[PDB]
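So this one's two forms of a single chain, laid out as structure tokens and tagged structure 1 and structure 2.
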Structure 1
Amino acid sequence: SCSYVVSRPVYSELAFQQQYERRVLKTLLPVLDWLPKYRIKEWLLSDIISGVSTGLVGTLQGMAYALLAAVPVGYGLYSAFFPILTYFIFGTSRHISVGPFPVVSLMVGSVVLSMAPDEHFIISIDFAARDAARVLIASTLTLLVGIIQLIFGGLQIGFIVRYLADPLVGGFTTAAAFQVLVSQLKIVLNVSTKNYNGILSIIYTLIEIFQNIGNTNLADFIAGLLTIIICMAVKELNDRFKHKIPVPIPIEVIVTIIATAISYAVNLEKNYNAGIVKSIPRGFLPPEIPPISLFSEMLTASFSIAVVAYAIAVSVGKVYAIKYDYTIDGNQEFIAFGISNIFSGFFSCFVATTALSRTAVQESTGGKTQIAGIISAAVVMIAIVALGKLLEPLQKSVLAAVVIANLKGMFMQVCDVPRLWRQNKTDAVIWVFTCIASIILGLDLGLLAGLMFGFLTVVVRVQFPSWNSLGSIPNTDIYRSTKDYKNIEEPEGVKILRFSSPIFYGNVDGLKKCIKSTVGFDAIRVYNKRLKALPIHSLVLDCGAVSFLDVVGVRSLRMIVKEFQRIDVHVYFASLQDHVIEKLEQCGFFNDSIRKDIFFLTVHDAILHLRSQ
């Protein structure tokens, strides 16, 4: 077939250079972009239906997620209502819904509980003062998170989500699922367990729950178990029988309605001392400015909460945008969510994000422009104003049971771990380290530890690269490692070394060790021995994989060249990229008889040049 034929002179860097010469409306993204461009002819009915459905789902989700945070049920409605209204303007996406997403709710609740516990705040008990303190701390944390998100949006740094590797995301998700399960089990069992702050908190909580297992309430446990079993069974039959009924079956809403109807009918509150919500405020509360003096004690938590919320939001937005063939702006997502968090924090709400489940519920029922979000907000406010009394007899164990029932997918990555280990050990190590760190630590501390561990793994992978001693395949210009192909012939009196990495301090130490091992000796000892008394004549370095360079690398290269020229051994460089060559130039490498004449394009011109002498 085709053959490889070429004829040209041998080109060093100097000769090659001699012969060839070198040398205002998007930042505040309005509704004005699509509102005039609307398609009211057919989109309105779909928007209305989708908004009604997603509002019905989001009301229950906000009521349920208010328990993950140490906030009374009723503020979740505000957290579902205000962020949608303030995101309708600055939002870039077109199919997402805004709400708690209980993981962020659990982070906020952990912060609030650790910053205001029962024994420290109250030495008597005053439920109202404790609730007010918890609400104030939640609002302050929300405001701080919003400020941080807005600041990050202003700086145009939205690529930090790249640093959230998939294995660490999976490990963090599994650990968060464990934390949520433990907290909701504590809620279901109706056992009073004092909070633990610090490391190994979950173990102490589980130990004390098992100790106090003797005080559990029978009715709440039975209701939770029945709800979990029913929801899991209906979800399993929905998953197995999937060709029909594209809309998900609203088993949770039916379960909640039946549970509250029975609770009101037979009055579990006074006959069995059951745990009901017992209180839902009516109307809208006036705004209150949070105290900013607490900002000094909520930095390392607000940073992680903002990062996690933004990452979830952009992930869901991209997943839907690639399906519907459009794009979203990451920095505008930062700006919109920061403004939304500020506005909600001024109105006694906790952090709001995308909730992929509710997003799918909204989209599968005729997903269209953000008018459905406005309709959902209208449904939520109608529920707030009037339907507050009808949900009074509902038990909190039912909501906790639903939250637990929706945790299986977060529990199903332990099956992905073994294949990940089989494919690449580093990814499995990152997964396990992130999971363990998030287990015995706070969630935010675990996230930060996982990020820095990923950075460390990248640095270590760069620091210990591959290296080889190369020889030529006969009658060709192909050089491969001598110990692998069994037909590689070593040239006479010259060594070829490949060091497949950029060169920095760790790499300069590694490269010195590799050179000493490959050449069979070192220049310093032989020079000293020869001075006291009073096999290789050339060395070629293949630098095709050298990405970048620093001052320490240049110093090490200069020292190596000088030491090898002391004992009459020539060192040549080949396949060096240009930008590395100017990096060498501006670091003062080309001084004291270097002259750039020892640089070649590939490792076959150097061999021919050596053979010419």
Structure 2
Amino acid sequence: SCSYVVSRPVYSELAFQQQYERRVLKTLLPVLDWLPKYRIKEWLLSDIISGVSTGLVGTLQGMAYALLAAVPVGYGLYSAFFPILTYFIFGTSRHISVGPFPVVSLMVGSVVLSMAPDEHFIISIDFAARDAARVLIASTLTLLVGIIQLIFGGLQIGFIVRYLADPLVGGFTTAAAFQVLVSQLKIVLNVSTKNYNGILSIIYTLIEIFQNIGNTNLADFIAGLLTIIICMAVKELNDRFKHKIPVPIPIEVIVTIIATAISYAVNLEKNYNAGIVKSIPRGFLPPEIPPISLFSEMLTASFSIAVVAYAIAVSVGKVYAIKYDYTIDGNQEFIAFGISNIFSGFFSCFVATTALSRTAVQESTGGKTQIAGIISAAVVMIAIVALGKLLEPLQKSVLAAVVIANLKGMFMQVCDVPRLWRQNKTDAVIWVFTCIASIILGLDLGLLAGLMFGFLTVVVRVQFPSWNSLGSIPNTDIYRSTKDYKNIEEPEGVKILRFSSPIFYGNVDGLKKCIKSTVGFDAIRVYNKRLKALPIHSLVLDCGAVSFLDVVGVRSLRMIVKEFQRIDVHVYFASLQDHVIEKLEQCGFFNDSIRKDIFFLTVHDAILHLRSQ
């Protein structure tokens, strides 16, 4: 077959260089970008049906996720209404449904509970004033999140979601599922548990819940358990029996309607002392400027909430964009969601993002442009102004059970954890660390710790690389580790070391140790012994994988070269990239008799050059 034949001079870097010479309508994305390009002829019907369906779903979803936040039921309607309208303008994706997404809602509610506890606020009981303070805190947090997202989009840093690795995303998702399960379990049991804010909070809440389980409201518990059973049964049947009925069954909406029907008919609120929403505001409240003085106590939480919400939004947007063959602007997504959160925070809402289930409902029933979003917002509006009284008898345990039923996919990742461990240990370590940190910490603090641990794992993987002592395959130019192939011959008096990493400070000490181990000695000690009195003659450093190089790395390389030259041992560098050589020359490496003549193109020119002497 084909043969590898090449005849050329032995090029050093100096010789190679001698012979071959070197050397305005986007930030505010218009609705006019697609409204003139609309398809009113046929798209109107699909948009209307899709919007009605996703609005029916999203009213219930926002109502339920308002419990995840520490705000009274009714402000979830505002959170499902306002951001959709103000994302219809600046939004790039045309399939996602803007809403609470209970993970972000639970982060917001954790912040609100921390900044407005039951005992710290009410000393009389002042439900109304406490709810007002909680709403103000949620609005302030939403405004801060929107400001942060707008700043990030303006700075065009949309790649920060790359740092949200799949393992840490999965671990954070499982931990958030556990936290949401604990919160909604507190809600369904109708048990009055004091809120624990800080570290180990979830386990303290579980301890108090299992201590107060004797005070469980039987009616609420049965309602929640039946809602969960019905929802998961219908979801499993849809997953199995999927060839027919392509549109997923909106079981949650029907379950809520029926449960509200019985709650009104038999009046569980008075007869069985059930925990119902009991209050829904009618009409739209006037906008109120949040107190910016609280921004200092929300920074570490607003940052994490913004990052998580934007990551979820872009994830769903990309999932549907690759399906419908279009591209979403990440920085414009940041702009759209930052403006959305600012607008919603001004109008008394908590942080808004997209939800995979709501987006799936919107798309599967005739998914088209964001006009479906406007229709869903209109449905939420008529729910706010008209259907508010009808939803009063509905129990909160039903909403909490709906969220718990939806938690299955989030809980499912512990099954793929062991496969992650079998494939790559560090990825499973990142997963488990993110899960544990987000459990025994805040979800915001857990996310920050998971990101930080991902950075640390990258640094450690770069800092402790694979290094080999290379030898030549006979009659070829192929050099492999001598201990791996058993047909590898060690060259005469010359050791070849491959350090498969960029050289920085941690790598500097690692590389010094690796060279000392490979050559079998250290230049300092032998030089000192020879001075007091008064096996290897060449060391080739295979630097093909040396990506970057810092001042500490250049200083270490110079020190190694000088130390080995002091004992009449020549150090040669091979396979160094052009940019690394530029870094060496601009870091002052080529001073004091270096002259770039000890640099070769591959580790075969070095060996041939040594054989020439």
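One-based numbering along structure 1's sequence throughout. Rigid core (definition): largest C-alpha set, two forms, superposition within 1.5 Å.
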Could you state, for a rigid core superposition, the Cα shift of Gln149 between structure 1 and structure 2 in Å? 0.6
Distance the CA of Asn528 travels between structure 1 and structure 2 [rigid core superposed, Å]: 2.1
So if we fit the rigid core, how much does the CA of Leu29 shift between structure 1 and structure 2, in Å? 1.1
